[PDB]
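Engineer:
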Amino acid sequence: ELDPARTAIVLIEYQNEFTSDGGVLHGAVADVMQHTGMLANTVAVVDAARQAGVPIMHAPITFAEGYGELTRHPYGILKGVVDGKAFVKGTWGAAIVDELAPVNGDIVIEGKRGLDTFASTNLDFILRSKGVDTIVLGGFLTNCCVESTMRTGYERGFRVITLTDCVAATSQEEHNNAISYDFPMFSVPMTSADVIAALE
Amino acid sequence: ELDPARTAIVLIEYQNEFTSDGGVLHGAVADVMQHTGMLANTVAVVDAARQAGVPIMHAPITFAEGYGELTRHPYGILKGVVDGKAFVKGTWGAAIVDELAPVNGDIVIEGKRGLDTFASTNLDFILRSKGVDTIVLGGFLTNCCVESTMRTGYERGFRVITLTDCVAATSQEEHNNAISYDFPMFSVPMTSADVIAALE
Amino acid sequence: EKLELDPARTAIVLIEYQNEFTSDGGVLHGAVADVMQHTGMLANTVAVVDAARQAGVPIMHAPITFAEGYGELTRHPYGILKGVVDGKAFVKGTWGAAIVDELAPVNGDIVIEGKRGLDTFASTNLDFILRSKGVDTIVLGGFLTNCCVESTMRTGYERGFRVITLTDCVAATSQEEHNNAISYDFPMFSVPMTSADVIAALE
Amino acid sequence: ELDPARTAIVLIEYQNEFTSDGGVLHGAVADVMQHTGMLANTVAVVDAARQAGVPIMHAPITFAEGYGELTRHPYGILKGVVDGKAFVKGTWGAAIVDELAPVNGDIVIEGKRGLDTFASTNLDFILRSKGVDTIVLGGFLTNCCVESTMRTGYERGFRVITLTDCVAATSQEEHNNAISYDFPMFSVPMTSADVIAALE
Numbered sequence: 001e002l003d004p005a006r007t008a009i010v011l012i013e014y015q016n017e018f019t020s021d022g023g024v025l026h027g028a029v030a031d032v033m034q035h036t037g038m039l040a041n042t043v044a045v046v047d048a049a050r051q052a053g054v055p056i057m058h059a060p061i062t063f064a065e066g067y068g069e070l071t072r073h074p075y076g077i078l079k080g081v082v083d084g085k086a087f088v089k090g091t092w093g094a095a096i097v098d099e100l101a102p103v104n105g106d107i108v109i110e111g112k113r114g115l116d117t118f119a120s121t122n123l124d125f126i127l128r129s130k131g132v133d134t135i136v137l138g139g140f141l142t143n144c145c146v147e148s149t150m151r152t153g154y155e156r157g158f159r160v161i162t163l164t165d166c167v168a169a170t171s172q173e174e175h176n177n178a179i180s181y182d183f184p185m186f187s188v189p190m191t192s193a194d195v196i197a198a199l200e
Numbered sequence: 201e202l203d204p205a206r207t208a209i210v211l212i213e214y215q216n217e218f219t220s221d222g223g224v225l226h227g228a229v230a231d232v233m234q235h236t237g238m239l240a241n242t243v244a245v246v247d248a249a250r251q252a253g254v255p256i257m258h259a260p261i262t263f264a265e266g267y268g269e270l271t272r273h274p275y276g277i278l279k280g281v282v283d284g285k286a287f288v289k290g291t292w293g294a295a296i297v298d299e300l301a302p303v304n305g306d307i308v309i310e311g312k313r314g315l316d317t318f319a320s321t322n323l324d325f326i327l328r329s330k331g332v333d334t335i336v337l338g339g340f341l342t343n344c345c346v347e348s349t350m351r352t353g354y355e356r357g358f359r360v361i362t363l364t365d366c367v368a369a370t371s372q373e374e375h376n377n378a379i380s381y382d383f384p385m386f387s388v389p390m391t392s393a394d395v396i397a398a399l400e
Numbered sequence: 401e402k403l404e405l406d407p408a409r410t411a412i413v414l415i416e417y418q419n420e421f422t423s424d425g426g427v428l429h430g431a432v433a434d435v436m437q438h439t440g441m442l443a444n445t446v447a448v449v450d451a452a453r454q455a456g457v458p459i460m461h462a463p464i465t466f467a468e469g470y471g472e473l474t475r476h477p478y479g480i481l482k483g484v485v486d487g488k489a490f491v492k493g494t495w496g497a498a499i500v501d502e503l504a505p506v507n508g509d510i511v512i513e514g515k516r517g518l519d520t521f522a523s524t525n526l527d528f529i530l531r532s533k534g535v536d537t538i539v540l541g542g543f544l545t546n547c548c549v550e551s552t553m554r555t556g557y558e559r560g561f562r563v564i565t566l567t568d569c570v571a572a573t574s575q576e577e578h579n580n581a582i583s584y585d586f587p588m589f590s591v592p593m594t595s596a597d598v599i600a601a602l603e
Numbered sequence: 604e605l606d607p608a609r610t611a612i613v614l615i616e617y618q619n620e621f622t623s624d625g626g627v628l629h630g631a632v633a634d635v636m637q638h639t640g641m642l643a644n645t646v647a648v649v650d651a652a653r654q655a656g657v658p659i660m661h662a663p664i665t666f667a668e669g670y671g672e673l674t675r676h677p678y679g680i681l682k683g684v685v686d687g688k689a690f691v692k693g694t695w696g697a698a699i700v701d702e703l704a705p706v707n708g709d710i711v712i713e714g715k716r717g718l719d720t721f722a723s724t725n726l727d728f729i730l731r732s733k734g735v736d737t738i739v740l741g742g743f744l745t746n747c748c749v750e751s752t753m754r755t756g757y758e759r760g761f762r763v764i765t766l767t768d769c770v771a772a773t774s775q776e777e778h779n780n781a782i783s784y785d786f787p788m789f790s791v792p793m794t795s796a797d798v799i800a801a802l803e
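Residue numbers (our numbering), protein chains in the order written: chain A, 1 to 200; chain B, 201 to 400; chain C, 401 to 603; chain D, 604 to 803.
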């Protein structure tokens, strides 16, 4: 049961870096993108969201070239972002995949530098200003940025819905476990089809 | 490598509800508590930290009886807390287990009502006020409250050490998944022995 | 132009109505006495609370307290918290730290926890509880007009709440500081109202 | 005393819309800009900061055209921003004034939609990741965005230094009152000259 005036689709990091052949991180997520069909499922969800008047918010991650916005000695996941030169601002890799290119009305969330969309962006501000209380999440990575964003969403009292087949990760094991164990603690897990049915 | 003036031990939810026979949530965490020896490892870490002069911070979760500080219609993990009448303020369940009772000058973090300790407490305020930039995390649940806290601490630029043998969860597979896949993303995973050696 | 309040989406938030400010012998009471007296804030808050209960509106208290010795703060504070520390104000488990009797929390009132700074949103469970309960309108009162009350208003605003400031239920250490905050700052971040206006909206 | 490896200059809204003839809101701040000399003092501060190796971080405020990122029924100060059609993204007004144009190395904080730079941007994340514990603040508006940013900075444990002659408001009275009464509660106020000596 969805209220379009009080709902948003939040698309996390559908960027060529992940989504597209030649992306620095594409090879690592290919298998799961294939098994899930997340890309086409995401396209379908967005289409039904445009029609129902539900805003699309894209949340890309980017970094000024040289990574000066971060510690010179990162640890954990962002270390990989630095060493691999992923998501440099203004590059093909940082661009949102052509199939989901932002179009009239859509909101591109700004500032993302870490994994939790709510920790370095204007997402919370915009969601709250627009009176949105239900967020629908899709994107990358299932057990990293989608999971962090979902957990903070819950903390902040949104109704979080996670699109269990519009997410993808670097391994099927990591992907499946996130969805089976953690998603139910912090969200309402649903398929594109049921979200699509709910949007209509 | 640890600097005592700039380190905190953050002990999450060592409360009877989880730790003790009769706790509403004890049966769920019992197998993993026993498999890992978490209580005994935690007592060893805390003993060493006090010796080192490292402040010990307790982060209990509590709820005004009746759950009127929450939605009347919870979903996700907090639905079980309310439905199971867990962590009521002033009950034996809410009390910190006797083996880790706060002594002289220990800090007790106030406010927790959700999973991420940073989301509803004075933890950030106090760490920053004291100049703490490294946090050593232990407690319950591995894949819920510990992981949320770990994720937010990473986003806020803390050096987060996770005690791989001072945490527990409602299943062994869940516990193992978190430590193997997610902990390395947002923390420096360490055994208690490693942290003990670092503290001396 | 006339104010509508929905009881299910509304919360009175009372900042630091503790002896330390409100009552004779409180360490900071001398500094706020003139403005308390000028405004009649204490009685006015009582009348707004009473009406709030009658309409079923959550009353939320936001006291500030510190573990004795101030070991939860930097040893070398600056700014307004340096005065708290140096003055030994709001020590946990003292009369000064208690909420004032006239506004003692009764059955069902929420007592916000964690407060150690000035902004009520920065070190407590306030945001969590409001959002969990579905509150999107907070009515604000207490101390200090240009400090903690203003900080909470600013952040409230940033976080999408409809903030209402009770112009005659707040006080500061100076009438001049008080009046300036109310006339200049409050309208940028809030809808300032009187106790009487709020009470009428509640009924 | 200032450690360059632990300090950043944060410049709020040095955008043509305030600073320059033709800017929608320039008329309302011209008087105080003139009386303080804020623009030239800031250039001097930024130049000294560059020499010293201290990172420069500009925080512009922008909105996607049509103000759809916000409530359709704003109140308070943002209502004036929307009705005035100010700070529209990609327009000349939204651009940083030429004298303070970002130059190789400078960071441009992203996402600002509200008044407090901390509440809708990647400022905290970037400050904490780079290890900055002292922020030097200048810009617009003295009683609004500068005061909100300073209040939140202090809450978060930063040493906030406020440049009393590198800020401006719409009213001289409000400008002086904020500096006299509120700035001392939440910052160490200093003149540009005194900050430049410390930077030098």
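Ideal Cβ positions, reconstructed from N, Cα and C, are used throughout, including at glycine.
Residues in its own chain within less than 8 Å of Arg-159 (chain A) by CB, not counting five upstream and five downstream?
Structural biologist: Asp-133, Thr-134, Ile-135 and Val-188, listed in sequence order.
Engineer: Within its chain, find whatever has a CB closer than 6 Å to the CB of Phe-383 (chain B); leave out the 5 residues flanking it on each side and keep chain order.
Structural biologist: So the list reads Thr-362 and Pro-389, once near-sequence residues are dropped.
Engineer: DSSP three-state label for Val-500 (chain C), please.
Structural biologist: In the structure shown, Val-500 (chain C) sits in coil (DSSP, three-state: anything other than H, G, I, E or B).
Engineer: Within the chosen definition, does the stretch 511-520 of chain C reach the stretch 449-462 of chain C through at least 3 CB pairs nearer than 8 Å?
Structural biologist: Yes, the stretch 511-520 of chain C touches the stretch 449-462 of chain C.
Engineer: Please list the residues of the stretch 332-356 of chain B that have a C-beta atom closer than 8 Å to any C-beta atom in chain D, keeping them in chain order.
Structural biologist: Going along the stretch 332-356 of chain B in chain order, one finds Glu-355 and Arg-356 with a Cβ nearer than 8 Å to chain D.
Engineer: Examine chain C for any beta-carbon lying closer than 7 Å to the beta-carbon of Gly-314 (chain B), and answer yes or no.
Structural biologist: Closer than 7 Å to some Cβ of chain C, the Cβ of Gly-314 (chain B) qualifies, so yes.
Engineer: If we cut at 7 Å on Cβ distances, does residue 642 (chain C) have a partner in chain B?
Structural biologist: The displayed coordinates of chain C run from 401 to 603. Any statement about residue 642 (chain C) would go beyond what the structure contains.
Engineer: Just checking: is the beta-carbon of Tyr-181 (chain A) within a distance shorter than 7 Å of some beta-carbon in chain B?
Structural biologist: Chain B contact via Cβ: present.
Engineer: Thinking C-alpha only, which one of D:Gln-637, D:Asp-624, D:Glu-616 and D:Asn-644 is nearest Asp-797 (chain D)?
Structural biologist: Comparing Cα-Cα distances from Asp-797 (chain D) to each of D:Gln-637, D:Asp-624, D:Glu-616 and D:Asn-644, the minimum goes to D:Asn-644.
Engineer: Determine contact between the stretch 280-287 of chain B and the stretch 370-385 of chain B, defined as no fewer than three beta-carbon pairs at a distance below 8 Å.
Structural biologist: Too few Cβ pairs lie closer than 8 Å, so no.
Engineer: So, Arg-554 (chain C) versus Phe-589 (chain C), is the Cβ gap smaller than 7 Å?
Structural biologist: For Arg-554 (chain C) and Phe-589 (chain C), yes; Cβs fall inside 7 Å.
Engineer: Does DSSP put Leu-363 (chain B) in a helix, a strand or coil?
Structural biologist: Note: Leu-363 (chain B) maps to strand in three-state DSSP.
Engineer: How big is the Cα-Cα spacing for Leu-323 (chain B) and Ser-523 (chain C)?
Structural biologist: If you take the alpha carbons of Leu-323 (chain B) and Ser-523 (chain C), they lie about 7 Å apart.
Engineer: Would you check if the distance between the CB atom of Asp-519 (chain C) and the CB atom of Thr-552 (chain C) is smaller than 7 Å?
Structural biologist: Yes, the Cβ-Cβ distance between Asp-519 (chain C) and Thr-552 (chain C) is below 7 Å.
Engineer: Tell me which residue opens and which closes the alpha helix (DSSP H) that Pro-587 (chain C) is part of.
Structural biologist: That run of the alpha helix (DSSP H) goes 586-589.
Engineer: Identify the contact partners of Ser-329 (chain B) in chain D, using a Cβ-Cβ distance below 9 Å as the criterion.
Structural biologist: Correct list: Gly-760.
Engineer: Does any residue of chain B have a CB that is nearer than 7 Å to the CB of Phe-18 (chain A)?
Structural biologist: By this cut-off, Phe-18 (chain A) is not an interface position.
Engineer: Would the beta-carbon of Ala-452 (chain C) fall within 7 Å of that of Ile-412 (chain C)?
Structural biologist: Contact flag set, yes.
Engineer: By alpha-carbon positions, which one of C:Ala-408, C:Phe-421 and C:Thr-594 ends up nearest to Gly-268 (chain B)?
Structural biologist: For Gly-268 (chain B), the nearest C-alpha among the options comes from C:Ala-408.
Engineer: So for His-638 (chain D), helix, strand or coil by DSSP?
Structural biologist: Helix at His-638 (chain D).
Engineer: For a cutoff of 7 Å on Cβ pairs, would you count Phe-325 (chain B) as touching chain C?
Structural biologist: Chain C contact via Cβ: present.
Engineer: Is any beta-carbon of chain D found at less than 7 Å from that of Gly-111 (chain A)?
Structural biologist: At least one chain D Cβ lies under 7 Å of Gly-111 (chain A).
Engineer: Would you please state the rounded distance, in angstroms, between the beta carbons of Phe-421 (chain C) and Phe-543 (chain C)? I believe it to be under 8 Å.
Structural biologist: So it is a contact: roughly 5 Å between Cβ atoms.
Engineer: Is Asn-619 (chain D) near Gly-696 (chain D), with beta carbons less than 7 Å apart?
Structural biologist: Contact: yes.
Engineer: Determine whether the beta carbon atoms of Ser-129 (chain A) and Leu-703 (chain D) lie at a separation below 7 Å.
Structural biologist: Not in contact: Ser-129 (chain A) and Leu-703 (chain D) (Cβ atoms no closer than 7 Å).
Engineer: Cα separation between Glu-468 (chain C) and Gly-426 (chain C)?
Structural biologist: When rounded, the distance between both Cα atoms is 17 Å.
Engineer: Hey, how far is the Cα of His-429 (chain C) from the Cα of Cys-569 (chain C)?
Structural biologist: One C-alpha to the other measures close to 16 Å.
Engineer: What is the rounded straight-line gap between the Cα of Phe-521 (chain C) and the Cα of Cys-345 (chain B)?
Structural biologist: Rounded to whole angstroms, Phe-521 (chain C) to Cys-345 (chain B) spans 21 Å at the Cα level.
Engineer: Excluding the 5 residues flanking residue 572 (chain D) on each side, which residues of the same chain have their C-beta closer than 7 Å to its C-beta?
Structural biologist: For chain D, the structure presents residues 604 to 803; residue 572 (chain D) sits outside this window and is missing.
Engineer: Compare the Cα-Cα distances from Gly-114 (chain A) to each of A:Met-33, A:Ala-28, A:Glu-147 and A:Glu-174 and report the closest residue.
Structural biologist: Per the Cα distances, A:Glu-147.
Engineer: If you run the structure through DSSP and keep just helix, strand and coil, what is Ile-261 (chain B)?
Structural biologist: Looking at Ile-261 (chain B) - three-state DSSP - the assignment turns out to be coil, as it is neither helix nor strand.
Engineer: For the beta strand (DSSP E) containing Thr-737 (chain D), name the first residue and the last one.
Structural biologist: Where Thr-737 (chain D) is concerned, the enclosing beta strand (DSSP E) stretches over 737-743.
Engineer: Identify whether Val-427 (chain C) lies in helix, strand or coil by the three-state DSSP scheme.
Structural biologist: It is coil, neither helix nor strand.
Engineer: Using a beta-carbon distance below 7 Å, is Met-588 (chain C) in contact with chain D?
Structural biologist: So, interface residue.
Engineer: Does any C-beta atom of chain B lie closer than 7 Å to the C-beta of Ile-412 (chain C)?
Structural biologist: Not one chain B Cβ lies under 7 Å of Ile-412 (chain C).
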